[PDB]
Amino acid sequence: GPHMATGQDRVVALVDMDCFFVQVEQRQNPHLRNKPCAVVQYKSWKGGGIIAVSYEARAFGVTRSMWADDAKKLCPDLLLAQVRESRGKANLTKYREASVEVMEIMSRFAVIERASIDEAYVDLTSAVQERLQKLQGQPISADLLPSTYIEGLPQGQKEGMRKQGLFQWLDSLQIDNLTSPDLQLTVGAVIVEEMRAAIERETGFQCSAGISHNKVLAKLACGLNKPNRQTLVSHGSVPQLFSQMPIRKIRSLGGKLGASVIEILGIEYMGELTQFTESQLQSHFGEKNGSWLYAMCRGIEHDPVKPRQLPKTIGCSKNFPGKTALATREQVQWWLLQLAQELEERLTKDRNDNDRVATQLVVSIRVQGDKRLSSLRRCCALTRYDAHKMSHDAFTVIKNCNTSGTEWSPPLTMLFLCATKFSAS
DNA sequence: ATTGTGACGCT
DNA sequence: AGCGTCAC
Ligand SMILES: Nc1ncnc2c1ncn2[C@H]1C[C@H](O)[C@@H](COP(=O)(O)OP(=O)(O)OP(=O)(O)O)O1
Ligand SMILES: [Mn+2]
Ligand SMILES: [Mn+2]
């Protein structure tokens with residue numbers, strides 16, 4: 001009823017760079033622009049593993065996780081850019097530094113939560129109030145929303161439809177009510193157009209975005225119209241949108257929890273969750289998950305945009321699959337040193353840029369025969385940014401996992417070093 | 001023989 | 001603390 005909180009208090013956007021690693025390589029190498037092309041890691045096994053794919057290449061069926069040899073079967077003219085190799089492993093520095101370029105621009109407009117290397121949430125609530133006060137009642141022109149889709153419109157050529165839906169939306173707006181959530185979302189979308197224009201002018205990178213009242217809806221919205229477009233998902237659009245939305249498409253429901261929601265309740269679509277009481281959902285999925293589901297299927301989520309532009313952890317990982325598994329102590333020591341040297345480089349740079357020091361070193365490994373991705377995770381003190389010391393300490397901490405009696409058994413299929421627990425410096 | 005990350009929850 | 005889930 002009237003006391004029914006509608007979860008319409010905030011304006012939240014999710015900005016995601018289109019095929020980000022590919023764009024980084026296309027900026028650097030103009031020969032790759034506007035072409036089917038992908039970014040690959042390594043090159044020996046089946047041509048390398050594809051980790052990013054241009055939209056031209058996606059049209060042929062090329063996807064992430066595909067081997068390059070197989071992608072070339074689908075797309076014989078596919079162009080490839082290789083991830084840099086340093087110290088025997090893939091090194092993602094070029095893409096981290098490009099991400100920082102973009103995040104720094106986004107931070108001029110509003111508070112950002114770095115959600116991954118290529119995407120960030122934006123809390124636009126205060127920016128919208130400021131922009132509304134600056135407007136003082138004038139209507140919002142379609143010209144201010146040149147790449148915006150209004151989800152669910154029009155109702156009652158793709159660009160033609162986009163413009164029809166946008167006109168229907170803007171005609172319907174009550175511009176004189178500064179408290180209308182729909183108006184607030186629209187102004188948020190204006191600001192996000194400006195943000196996206198700034199990113200493209202100052203980096204060359206294009207991105208898509210979602211604008212809604214919370215992070216889950218903003219992330220869902222972002223994927224509705226890609227690439228190089230943005231989508232506004234209003235509170236009112238939620239019943240129709242969710243009525244045919246597979247549960248696995250909502251952030252955090254793509255895994256075993258979503259599968260159990262489907263199996264236990266006997267439903268397929270997000271909207272079907274509205275038929276259950278909060279207590280019913282809590283009984284199946286726990287107190288937190290149940291309350292979250294009960295609100296989220298109504299379009300309501302309260303998870304804040306956290307003020308956090310930097311990663312909380314700095315990690316270095318390598319898999320050693322099949323016959324590359326490590327079977328000698330020297331092999332284990334040498335790779336621990338390689339990882340620790342990349343970690344030391346990145347940490348020293350982080351301490352200089354961001355005025356902080358890590359204090360905990362996490363060491364994880366995967367043993368051949370383990371079906372788990374991580375077999376053992378142990379922590380030690382990180383007291384100095386010294387690669388030899390970090391590697392000696394990781395060895396000291398994992399050494400009792402060798403069940404042999406110079407050899408290493410069972411052979412190691414993964415090494416992982418992660419610097420955590422940062423404190424101001 | 002998806003790899004290399006990175007955030008967060010549970011107990 | 002160590003392990004598990006989820007998504008890029
Ligand atoms: N499994 C992975 N392994 C390594 N890198 C990955 C993996 N998944 C995603 N990435 C990298 C490459 C991507 O360019 C970057 C951003 O991821 P993501 O937003 O999901 O897709 P994308 O930016 O490549 O295309 P788009 O967002 O337009 O669909 O992170
Ligand atoms: Mn992306
Ligand atoms: Mn992304």
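Scope of the values below: all heavy atoms of this structure, side chains included, with no hydrogens, waters or symmetry mates. Per chain, numbering begins at 1; letters A, B, ... match sequence-line order. Numbering of ligands and ligand atoms starts at 1, following listing order.
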### NZ (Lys72(A)) with more than 12 external heavy atoms under 6.0 Å
yes
### ligand 1 N/O within reach of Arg58(A) N/O, cut-off under 3.5 Å
yes
### Query
Of all the atoms in ligand 1, which lie at a distance below 4.0 Å from a heavy atom belonging to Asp118(A)?
16 (C), 17 (O), 18 (P), 19 (O), 23 (O)
### Task
Under 4.0 Å from a heavy atom of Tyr55(A): give me the atoms of ligand 1 that qualify, with their elements.
26 (P), 28 (O), 29 (O)
### Task
Could you give me the CA-CA distance, side-chain angles and deciding distance for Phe242(A) and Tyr269(A), then say whether ring pair (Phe, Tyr, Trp, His ring centres under 6.0 Å) is met?
CA-CA 7 Å; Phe242(A) 278 11; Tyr269(A) 307 118; over 10 Å; no
### Message
Is it the case that ligand 1 has an N or O less than 3.5 angstrom from some N or O of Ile117(A)?
### Response
no
### Query
Can you list the atoms of ligand 1 that are under 4.0 Å from a heavy atom of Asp16(A)?
19 (O), 27 (O)
### Task
Would you check if there is a donor-acceptor pair between the side chains of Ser54(A) and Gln26(A) at a distance under 3.5 Å?
no
### Query
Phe285(A) and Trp292(A): ring pair (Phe, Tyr, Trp, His ring centres under 6.0 Å), yes or no, with the steps?
CA-CA 10 Å; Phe285(A) 312 114; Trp292(A) 184 85; over 10 Å; no
### Query
So, is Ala52(A) polar-close to ligand 1, with some N/O to N/O distance under 3.5 Å?
no
### Query
Between CG of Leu417(A) and CD of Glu342(A), what distance do you get to the nearest 0.5 Å?
10.0 Å
### Message
Side chain or backbone, does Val53(A) bring an N or O within less than 3.5 Å of an N or O on ligand 1?
### Response
no
### Query
Under 4.0 Å between a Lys/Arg side-chain N and an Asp/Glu carboxylate O for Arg87(A) and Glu345(A)?
yes
### Task
Name the orientation class of the two ring planes belonging to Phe395(A) and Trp408(A) (parallel below 30°, tilted from 30 to 60°, perpendicular beyond 60°).
tilted
### Task
Pull out every atom of ligand 1 sitting under 4.0 Å from any heavy atom of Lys226(A), numbered as shown with elements.
26 (P), 27 (O), 28 (O)
### Query
When you check the space around the Mn ion (ligand 2), which protein N, O or S atoms turn up under 2.8 Å?
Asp16(A) OD1, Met17(A) O, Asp118(A) OD2
### Message
What I want to know is whether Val22(A) and ligand 1 share at least one N or O pair that is separated by under 3.5 angstrom.
### Response
no
### Message
Within the 3.5 Å criterion, strictly below it, is a donor on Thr359(A) or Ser423(A) matched to an acceptor on the partner's side chain?
### Response
no
### Task
For the pair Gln28(A) (side chain) and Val24(A) (backbone), establish whether a donor and an acceptor sit closer than 3.5 Å, ignoring hydrogens and angles.
no
### Between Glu119(A) and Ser116(A): side-chain donor-acceptor atoms closer than 3.5 Å
yes
